[PDB]
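Dropping a structure here in structure tokens format, bear with me for questions.
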Amino acid sequence: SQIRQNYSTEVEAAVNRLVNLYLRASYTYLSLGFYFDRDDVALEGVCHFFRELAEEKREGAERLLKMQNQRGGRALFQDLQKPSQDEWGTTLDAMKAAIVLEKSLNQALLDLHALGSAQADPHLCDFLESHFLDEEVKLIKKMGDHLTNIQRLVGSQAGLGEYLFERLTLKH
Amino acid sequence: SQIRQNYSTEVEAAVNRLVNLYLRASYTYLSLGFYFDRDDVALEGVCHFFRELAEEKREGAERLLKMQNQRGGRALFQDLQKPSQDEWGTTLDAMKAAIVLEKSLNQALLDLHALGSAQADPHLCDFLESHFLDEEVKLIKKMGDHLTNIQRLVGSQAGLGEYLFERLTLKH
Amino acid sequence: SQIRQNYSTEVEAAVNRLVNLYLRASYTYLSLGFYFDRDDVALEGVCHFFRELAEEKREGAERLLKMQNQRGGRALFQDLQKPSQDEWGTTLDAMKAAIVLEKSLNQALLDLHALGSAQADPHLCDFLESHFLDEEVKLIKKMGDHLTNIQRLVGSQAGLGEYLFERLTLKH
Amino acid sequence: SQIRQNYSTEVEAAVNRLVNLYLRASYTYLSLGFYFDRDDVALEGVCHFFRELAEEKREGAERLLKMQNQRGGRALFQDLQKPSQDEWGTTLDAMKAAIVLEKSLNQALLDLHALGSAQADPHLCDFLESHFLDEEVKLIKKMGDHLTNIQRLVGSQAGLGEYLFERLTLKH
């Protein structure tokens, strides 16, 4: 009703879904974090790497909402799906689930930049690049590096490898 | 399987529900915060009072989970219901919805302390008192005080009252 | 004649017009500022909010010219139209005239980014995004917020509302 | 004979036994500490983690006695049973014996809070909660976490695992 200019309804709706994907990502990381803090799991380095993660993904969603408000859009919130798992297995399984997760957020950012361009919205561009696409590429680089390291501490000594990985790379 | 001692399954389950109630409260406050930041609402003092709120309720849920982990319990997460409203009306409506909200969290804390006592769990007691019941009583006091003030800037000059309330009590 | 590379004549000309639109905006804000400093208007908070404004819009035009020089373009200056009004009415009227003004600058920035893309000029992109489109979106957000507040101090007590708005939001 | 008020003889006696259980725990940890300092055992990280332990359990017993004096009770001391073992085996065996030990102290604290409530002694409550039950829950969490880690450095490489555990988690 007042400051909205060159901010289409389809972008608005896609921004709304992206906030939902970020908060769900936040929620996943929170679950991942408390899982590795369990007394029969107990890997503190892995718990805080995920905490953290949950914060980043939560700041992602906040940065989006505020942007949405800046353009005269309207935040609409939906239910947050619970994380896809209750137990997360080993640091390896967990780090796979995170990369799957960040890859899908990256894809959603790309699907939305492709919408920005097709909607003559050069400023969204721009906001997504300067603020999201970059972090996302670095992060996925960092997780891939971790995965490569866990995978090399592979076999036949799974317990020792996780212990050392968590002691020597994750802690903190 | 290891450190769990005098931590019943019913307490575990009730702790799980309480984390869910706290995160839903967090989510509500996030919605409330971005609502008052809209360009056709624009009350910054009210937006940050809610931000804040969302943090506190999120720290509440974290303090519970960590406790749950300390006792050898197991965090179980469920879907988070979206906030009960998409638009929150005036500062008055919003501050009513918050008190309704904090009252129901307080009741859930009480229902759980009544379970702690009936489950011979003197330590939960204790954790809930030293950490939750108190904040909750102060907070509800602070909101009631606000409500009494908004209600006195009542009629016939609604716009002026909200402006002054937000300038003189809420900002910041 | 020397460093110019991938800088079309149509972009040059549009950059020239945009500098003119920015300086005219500067001039408008200068008039707005001295108006509210008149002894029969006398609202100091509103005078310096506009001063300020005039500076920003003047830095906008300078940033454009220097860019134009960097690309080997040639600054061409035209007459500056006097502001559209000699008296600016109330803070409300004035804040409407400013938003109309900043909206039209934003549109001109967009018309020029659409030209940058259609002229295979990825660097202008880029310069406009990193430096102009963003400030413009924040600013229009800030003015819209003001307008919403003035409009809520609406009726029947116009004098009191402006006084309080200027005391409690604009000052300084 | 003077300040004693609402402090039953059965509580007095149970407090006396609890001091004895704490000092015996202190004594156990002292033995555990000097065992791992033996030249054919030689694990310094494990020796100081137990020293420490012995101090905490000794401060536990002191905090109880002083409380007992505050209420007008009378400290009665009994013989201290020697620790249940002369050699403590591996860090794993030792960390099992400690958890068994702290669990039984926790149970005794609970048996005594159940006595406090059944003796209309709201202040003991209270003293046990604010000062003992909590430390005990954290500590058992910390030991369980250790055990889970030792158990994962399990097989077939017992020597390496203890060395690394002691180097990377216990030291110091």
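All chains are identified by letter, namely A, B, C and D, in their written order; residue positions are counted from 1 within each chain.
Convention: contacts are C-beta pairs under 8 Å (C-beta built on N, C-alpha and C of every residue); 3 or more make two chains touch, one makes a residue touch a chain.
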*Specify the chain pair with the maximum number of C-beta contact pairs.*
A-B
*If you take the mean of the Cα atoms for each chain, which one ends up farthest from subunit C?*
D
_C-alpha-based rotation, subunit B on subunit C, 0 to 180 degrees, nearest 5_ = 90
*Averaged-CA centre spacing for the pair subunit D and subunit A, given as whole angstrom*: 42
*Rounded Å distance, subunit A centre to subunit C centre (Cα mean)*: 37
*When the centre of a chain is set as the mean of its C-alpha atoms, what distance in Å lies between subunit C and subunit D?*
71
*Which subunit B residues sit where two or more other chains touch them?*
2-3, 39-40, 69, 72
*Does the chain-touch network form a line, ring, star, complete graph or other?*
other
*asked:* How do the chains pair up in terms of touching? List each pair.
replied: A-B, A-C, A-D, B-C, B-D
*What residues of subunit B sit close enough to touch subunit C in their complex?*
39-42, 44, 157, 159-160, 162-164, 167-168
*Residues of subunit B touching subunit A in the complex*: 1-4, 27, 30-31, 34-35, 37-40, 65-66, 68-69, 72, 74-83, 86
*Parts of subunit D lying in touch with subunit A, wherever the complex brings them together*: 141, 144-146, 148-149, 152-154, 157, 160-161, 164-165, 168-169
*Could you pull out which subunit C residues touch subunit A in their complex?*
99, 103, 106-107, 110, 113-114, 117, 125, 128-130, 133-134, 137-138, 140-141, 143-144, 147-148
*Please name which positions on subunit B make contact with subunit D in the complex.*
2-3, 5-6, 69-72, 120, 122-123, 125-127, 130
